[PDB]
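Proteins get letters first, then strands, A, B, ... in listed order; numbering begins at 1 in each. Order of listing sets the numbers, starting from 1, for every ligand and every atom in it.
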Amino acid sequence: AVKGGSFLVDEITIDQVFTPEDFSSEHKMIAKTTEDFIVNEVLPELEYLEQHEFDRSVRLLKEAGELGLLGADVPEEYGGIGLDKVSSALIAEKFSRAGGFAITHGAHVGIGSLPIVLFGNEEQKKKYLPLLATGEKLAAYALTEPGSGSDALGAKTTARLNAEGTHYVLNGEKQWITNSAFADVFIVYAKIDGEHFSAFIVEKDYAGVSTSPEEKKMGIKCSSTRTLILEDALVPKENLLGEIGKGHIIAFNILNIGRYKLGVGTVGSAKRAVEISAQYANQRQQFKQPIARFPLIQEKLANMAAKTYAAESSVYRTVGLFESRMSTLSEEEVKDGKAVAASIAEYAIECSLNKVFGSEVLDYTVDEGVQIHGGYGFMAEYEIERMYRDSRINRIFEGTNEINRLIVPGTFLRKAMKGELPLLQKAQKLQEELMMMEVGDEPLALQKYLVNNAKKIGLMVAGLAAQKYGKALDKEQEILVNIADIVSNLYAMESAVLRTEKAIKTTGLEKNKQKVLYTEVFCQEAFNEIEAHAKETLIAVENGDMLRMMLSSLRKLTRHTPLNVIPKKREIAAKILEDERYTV
Amino acid sequence: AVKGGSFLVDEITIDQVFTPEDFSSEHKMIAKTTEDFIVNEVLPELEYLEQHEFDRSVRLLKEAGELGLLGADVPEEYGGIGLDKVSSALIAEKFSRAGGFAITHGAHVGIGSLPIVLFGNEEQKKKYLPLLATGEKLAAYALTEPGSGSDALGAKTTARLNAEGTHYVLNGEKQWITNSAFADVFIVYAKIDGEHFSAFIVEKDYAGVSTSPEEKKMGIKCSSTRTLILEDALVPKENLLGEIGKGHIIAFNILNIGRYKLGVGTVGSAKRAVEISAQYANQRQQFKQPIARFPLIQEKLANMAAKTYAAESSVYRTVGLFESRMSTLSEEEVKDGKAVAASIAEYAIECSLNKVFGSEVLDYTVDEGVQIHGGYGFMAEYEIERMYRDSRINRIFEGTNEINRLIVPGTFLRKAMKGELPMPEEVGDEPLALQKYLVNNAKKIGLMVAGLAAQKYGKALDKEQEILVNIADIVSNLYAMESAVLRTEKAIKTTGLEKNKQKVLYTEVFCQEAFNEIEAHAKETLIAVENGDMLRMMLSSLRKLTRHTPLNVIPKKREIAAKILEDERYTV
Ligand SMILES: Cc1cc2nc3c(=O)[nH]c(=O)nc-3n(C[C@H](O)[C@H](O)[C@H](O)COP(=O)(O)OP(=O)(O)OC[C@H]3O[C@@H](n4cnc5c(N)ncnc54)[C@H](O)[C@@H]3O)c2cc1C
Ligand SMILES: Cc1cc2nc3c(=O)[nH]c(=O)nc-3n(C[C@H](O)[C@H](O)[C@H](O)COP(=O)(O)OP(=O)(O)OC[C@H]3O[C@@H](n4cnc5c(N)ncnc54)[C@H](O)[C@@H]3O)c2cc1C
């Protein structure tokens, strides 16, 4: 299989990417089953959920449980239905239609249940999973505290073995715990003797466990969110999850999964925003025509759709990498779960990119969706108004986008140290080719060219910054974020290029016109951003004559014949408005 | 008086711009008075206003009225206090601290009262203004309908002079009418015989007038917003405002005022977002230190502050232009109102620039303020959470930002036809030399790009919306850059370089980023307009206009932030 982060340094091929065109009939059916559940059962109640009628959430969760939608990532031997990772991504994508209920569901099947799936011992799995898989029990994940959010290992909740040695005694408060109103089981992190950061399976019914009132939130109002209060909470010794003092291993692994899952979710929402905006544009008339006839409206729709194509392509690529790493695993390995966790941890970089890129694309799409609706976009009666409010938290969830950006360059450098990525050996090849100094004829020739040059620019800039600050590069946050933004744009560009290239080779040029258009337009603009990020970093890192050298090298890497995107965006929009949905 | 739009073609000097450093003691004292009222009287009740306790709104408005805060733009002759335009802008800036109540107050003093102030006859003014000016009566403005928002002249409300010829009979619905729960007077637009678009003074008690229940809104929840329902509404003939079929004159003139006033409001809000974000950054610790010590946090604050400086500078520049034309008028001209409307209409371009640029700067500041707060930014018990939701509608008010951008280039053309308008290594050492250079080249780039576009499309340029917006965006950035440059240049000439280090830093960082956007907008426009070798030549000319030695903005943003975090507020 393909190594994590290798896209930056190797010429990835259409055969090495998974795309939505690779979905089986099984994937498509599960997607339709979920969609029908959400549309037929959930949406008619959504307005009561937003009013915190949590009895309805619980009932709906258990109905979802009966359809196998809560147990897709749980193995059959523990009472799950054991679907592949593509299937459970598609389930999350379709759940996004239900606003904050997608958060409820995601916290149950993801951060809440997966710590037991991946790190539970045999006894813990046979006990908890059969019930979690059907929704008979519901789960929540309790890491954050008032004093510890981004710095999640700064938790102040303590755990101390009682005189009898039979139970841990937990004290503290966990903040903003999704599902708290109705969760039966909480994965709680606490420091044993105030020293050793550890995870615990904590039942709601254990002595000393309670919750605060609901938070008043901007959006995702139908998701339950409370503080978990632990006042000599009594947790059986055997409910320790993983090893004493190694709670960070669970938290870090769970985070990766949360990241890409949120990516998939934001992609579902961005598609829905495109759809309702396109339908609105066709019906709303001003100046005696559908506002759909206005180029500025068409332009907003095309930007929204092209970003969504790039997000959808890069997210399912990551899901595909996870699945092909999973392919290697025997049934004993999958059952244990340690190998499943490592199969995704391999792609921690791609997960963080998806999370930041997906949440920002959704941020842009709901914002233009509101603008397309005008004053109706500001009215609670309209679906886009709720989406606008729900979206804002995604840039904060699962690691703020700042933290997610800051960790990307260091992850690359750590992989270069451990010998997983030939970064030094590849950085020195480029130093020569630069002192050595057209495009091609195939469809996508120009975009393939920009993708290749983007890789070189990222490497050049990252190499130069590391050689300049050394081990103290960690303090230069503005630079780190430029590099992270370069890598993120590069990953989305390549994902879009390769997916379109694969489609062409699969179904022809004529049928893949919309993909080609999204690709040309997105690549041009994303490459423009890459160039600006590189310039800012070069200027911060060098000066005088040496800086003019580097800037000419960048100009050489960046020179091409720009496209006229204005008619292309009108062409993209025509098809979106024709289908009244995001289309590919 | 400097002509409207002349900033694009002429070299404006520090003497031809008004800045906050030009505020008089009276200006400052009116600002302080308003702020004391907001902080001491309004904010302790704001949570209840958000729950639609309008009884409190009404009482607070009448209390503002007793301090003269509702009659600043009303002549002394009609029972107001008759202050200058700078004073009334400052009142608006300070009202922004109270969220949706600034929209309540604004709708009363602005779109609600000004149509009578500006276009009322003597009898209309003498009857309505004394009561509006003190808040004994409250006003609202009703133009929008379900079928007509941006296309406001598409109103379907009809007016029919009754058989007796004493009353117009009005039928229709007006949508999203601010202050509806408690307004005594509504300025209503309707088409006489379904043809002649006209304005009317409509009292709440007139037969056939009612309102819907309150809208459920994303933000500014404490602002009342209902449908005005006219079912054979009986309006006296003498309540026709202006002339039959000439309602557009009123609506266009009122829009100009609404635009710059919202610009002013959004500047007050952006300053507040900077302040609360800097205070939060200093108090919140993660990884054993205040998040203020993290460069990424510093960079956010510094971007928020520099944008706010450019917005504050360009908005008060426009207010000064208005004030300068007002300076000329006799007491009698001011009284008749038409010349006051004319004095702002002249600067229609600058008003639209301010409205779009201010609303987008605030959109950025509240979004980064929420990000600085993390999860707390998404919780209703934090002020930034409410600001983030309040802000979203500003990009839609007073002309959507799309419409405000679309009318800019065509307005430059109309001012032209009407006769109101027609090397980087040399730059130097003097403060701001590069930034002055960039402002000048930005003007050239704007003119070059618009000129080439008009040549290609001619009169059919109005269909090329994407290119028109590119031009508008170049013009907006230019007006903001030049305003920040002249304000800073003015300050250096007045009080010295050392005392104005913060202003220099704002102008340097803002100008580099804004100029980079201008280049990108110019490039997109040239690529859409030419092709082949003529394109290569134009792109090569643009290269010449954009060439310069760029600054390292990263250390400068750290310096900006250090001063913001020390003062815990936006400072200049
Ligand atoms: C509605 C909601 C539901 C939630 N549900 C759960 C849940 O079920 N389970 C759970 O465990 N958690 C949950 N959380 C917690 C959540 O994911 C945190 O909000 C988040 O992890 C960030 O923490 P913070 O809000 O304290 O922000 P902070 O960590 O205080 O960050 C504030 C700002 O400083 C920046 N910053 C922090 N560190 C650095 C640095 N070193 N360098 C540069 N900038 C930095 C951040 O990016 C941010 O912009 C929930 C939160 C919310 C809002
Ligand atoms: C909370 C609230 C309070 C309000 N209070 C008042 C009030 O007191 N008095 C009053 O008169 N009005 C009031 N309004 C009306 C408000 O200002 C309108 O929403 C605004 O003027 C736009 O109209 P619309 O919402 O119907 O959007 P639309 O006109 O339908 O616009 C929809 C979209 O199409 C775009 N568009 C429209 N035409 C074109 C075109 N020619 N080219 C390109 N794009 C175009 C717009 O930019 C927007 O993106 C209020 C509105 C709200 C939301």
Side-chain angles (χ1 to χ4, degrees), chain A residues 103 107 111-112 140-152 174-180 187 189 215 217-220 223 225 251 280-281 284-287 291 293-297 300 368 370-379 393 395-404 406 477, chain B residues 103 107 111-112 140-152 174-180 187 189 215 217-220 223 225 251 280-281 284-287 289 291 293-297 300 368 371-379 393 396-403 406 465:
Chain A
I103 301 310
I111 57 177
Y141 186 72
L143 175 54
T144 306
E145 304 186 5
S148 58
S150 293
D151 180 17
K174 314 297 298 181
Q175 188 167 281
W176 291 323
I177 304 314
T178 298
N179 287 356
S180 289
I187 306 302
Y189 287 89
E215 298 283 7
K217 303 196 299 311
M218 186 184 290
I220 62 169
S223 179
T225 307
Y280 190 76
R284 174 52 161 185
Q285 312 216 1
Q286 291 293 93
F287 307 100
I291 60 177
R293 297 282 73 77
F294 310 136
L296 283 188
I297 293 293
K300 297 175 188 292
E368 286 302 351
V370 167
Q371 196 69 14
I372 284 165
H373 282 77
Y376 305 91
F378 195 71
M379 294 296 116
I393 187 60
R395 298 159 46 201
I396 286 150
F397 273 167
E398 300 296 336
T400 60
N401 288 356
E402 291 67 47
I403 287 292
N404 273 99
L406 291 170
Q477 299 193 328
Chain B
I103 302 314
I111 61 175
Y141 182 81
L143 170 55
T144 300
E145 305 189 357
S148 54
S150 301
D151 174 20
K174 312 305 289 187
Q175 191 168 267
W176 293 324
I177 305 307
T178 300
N179 286 352
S180 281
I187 310 303
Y189 291 88
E215 298 284 8
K217 303 192 291 311
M218 189 198 281
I220 54 162
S223 189
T225 309
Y280 190 76
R284 170 63 163 179
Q285 312 219 350
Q286 281 301 271
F287 307 96
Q289 61 211 302
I291 63 178
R293 305 290 124 250
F294 302 141
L296 286 192
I297 293 287
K300 290 178 191 295
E368 279 316 335
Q371 195 67 14
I372 284 157
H373 281 72
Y376 300 96
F378 194 72
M379 298 298 116
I393 188 69
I396 289 154
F397 282 163
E398 302 300 317
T400 60
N401 286 350
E402 287 70 46
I403 294 285
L406 284 169
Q465 298 195 326

Measure the spacing between [atom1] of [X] and [atom2] of [Y] and express it to the nearest 0.5 Å.
{"X": "B:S150", "Y": "A:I291", "atom1": "OG", "atom2": "CD1", "result": "8.5 Å"}
{"X": "A:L296", "Y": "B:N401", "atom1": "CG", "atom2": "CG", "result": "11.5 Å"}
{"X": "B:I393", "Y": "B:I220", "atom1": "CD1", "atom2": "CD1", "result": "6.5 Å"}
{"X": "B:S180", "Y": "B:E215", "atom1": "OG", "atom2": "CD", "result": "9.5 Å"}
{"X": "B:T178", "Y": "B:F397", "atom1": "OG1", "atom2": "CZ", "result": "5.5 Å"}
{"X": "A:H373", "Y": "A:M379", "atom1": "NE2", "atom2": "CE", "result": "12.5 Å"}

Closest approach of [X] and [Y], non-hydrogen atoms and distance?
{"X": "B:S223", "Y": "B:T225", "result": "O-OG1, 3.3 Å"}
{"X": "A:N404", "Y": "A:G399", "result": "OD1-O, 2.9 Å"}
{"X": "A:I372", "Y": "A:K300", "result": "CG1-CD, 3.9 Å"}
{"X": "B:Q175", "Y": "B:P146", "result": "OE1-CG, 3.4 Å"}
{"X": "B:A142", "Y": "B:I177", "result": "CA-CD1, 3.5 Å"}
{"X": "A:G375", "Y": "B:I396", "result": "N-CG2, 3.7 Å"}

Where ligand 2 meets [X] - atom numbers and elements under 4.0 angstrom, heavy-atom basis:
{"X": "B:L143", "answer": "11 (O)"}
{"X": "A:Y376", "answer": "26 (O)"}
{"X": "A:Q286", "answer": "29 (O), 30 (O)"}
{"X": "B:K217", "answer": "1 (C)"}
{"X": "B:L406", "answer": "42 (N), 43 (C)"}

Return a yes/no value for [X]: is any of its N or O atoms, backbone included, closer than 3.5 angstrom to an N or O of ligand 2?
{"X": "B:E402", "value": "yes"}
{"X": "B:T178", "value": "yes"}
{"X": "A:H373", "value": "no"}

Would you say ligand 1 has an N or O under 3.5 Å from any N or O of [X]?
{"X": "B:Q371", "result": "yes"}
{"X": "B:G375", "result": "yes"}
{"X": "A:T225", "result": "no"}
{"X": "B:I372", "result": "no"}
{"X": "A:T400", "result": "yes"}
{"X": "B:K300", "result": "no"}
{"X": "A:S148", "result": "no"}
{"X": "A:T144", "result": "yes"}
{"X": "A:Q175", "result": "no"}

Practice task
May I ask whether A:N179 has any heavy atom positioned less than 4.0 angstrom from an atom of ligand 1?
Solution key: no

Exercise for the section: Could you tell me whether a side-chain N or O of B:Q286 sits under 3.5 Å from a main-chain N or O of A:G147, the two making a donor and an acceptor? Expected result: yes

Practice task
State which residues pass salt bridge (charged side-chain N to carboxylate O under 4.0 Å, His left out) with B:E398; sequence neighbours excluded, sorted by chain then number.
Solution key: none

Problem - Residues forming a salt bridge (charged side-chain N to carboxylate O under 4.0 Å, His left out) with A:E145, sequence neighbours excluded - result: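 Salt bridge (charged side-chain N to carboxylate O under 4.0 Å, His left out) list for A:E145, sorted by chain: A:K174.
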
Problem - Within-4.5 Å side-chain heavy-atom neighbours: B:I111 and B:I187 - result: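 Answer no - side chains too far apart.
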
Practice task
Taking the side chain as every heavy atom from C-beta outward, state whether B:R284 and B:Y376 have any pair of such atoms under 4.5 Å apart.
Solution key: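 The answer is yes, as the side chains (C-beta and beyond) meet within the 4.5 Å cut-off.
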
Using heavy atoms and a threshold below 4.0 Å, how should the contact between [X] and ligand 2 be classified: side chain, backbone, both, or neither?
{"X": "A:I291", "answer": "side chain"}
{"X": "B:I403", "answer": "side chain"}
{"X": "A:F294", "answer": "side chain"}

For [atom], what is the closest protein heavy atom, and at what distance to 0.1 Å?
{"atom": "atom 27 (O) of ligand 1", "result": "B:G374 CA, 3.9 Å"}
{"atom": "atom 9 (N) of ligand 1", "result": "A:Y141 O, 2.8 Å"}
{"atom": "atom 53 (C) of ligand 1", "result": "A:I393 CD1, 3.3 Å"}
{"atom": "atom 28 (P) of ligand 1", "result": "A:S150 OG, 3.8 Å"}
{"atom": "atom 38 (N) of ligand 2", "result": "A:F287 CE1, 3.5 Å"}
{"atom": "atom 20 (C) of ligand 1", "result": "A:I396 O, 4.1 Å"}
{"atom": "atom 35 (C) of ligand 1", "result": "B:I297 CD1, 4.0 Å"}

Residue part near ligand 1, for [X], under 4.0 Å between non-hydrogen atoms:
{"X": "A:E215", "value": "neither"}
{"X": "A:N401", "value": "neither"}
{"X": "A:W176", "value": "both"}

Check each of [options] against [atom] and report the one with the nearest heavy atom.
{"atom": "atom 2 (C) of ligand 1", "options": "A:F397, B:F378, A:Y189", "value": "A:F397"}
{"atom": "atom 42 (N) of ligand 1", "options": "B:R293, B:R284, A:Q477", "value": "A:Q477"}
{"atom": "atom 21 (O) of ligand 1", "options": "A:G149, A:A140, A:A142, A:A251", "value": "A:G149"}

Exercise for the section: Tell me whether the centres of the aromatic rings in A:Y189 and A:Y141 are closer together than 6.0 Å. Expected result: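 Ring-ring flag for A:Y189/A:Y141: true, centres closer than 6.0 Å.
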
Practice task
Could you tell me whether A:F378 and B:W176 have their ring centroids closer than 6.0 angstrom?
Solution key: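 For A:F378 and B:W176, the ring centres are not under 6.0 Å apart.
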
Practice task
Decide whether B:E402 and B:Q465 meet the rule of one side-chain donor and one side-chain acceptor closer than 3.5 Å.
Solution key: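 There is no such pair between these side chains.
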
Practice task
Check each atom of ligand 1 against the heavy atoms of A:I177 and keep those under 4.0 Å away; list them by number with element.
Solution key: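 What qualifies from ligand 1 is 7 (C), 8 (O), 9 (N).
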
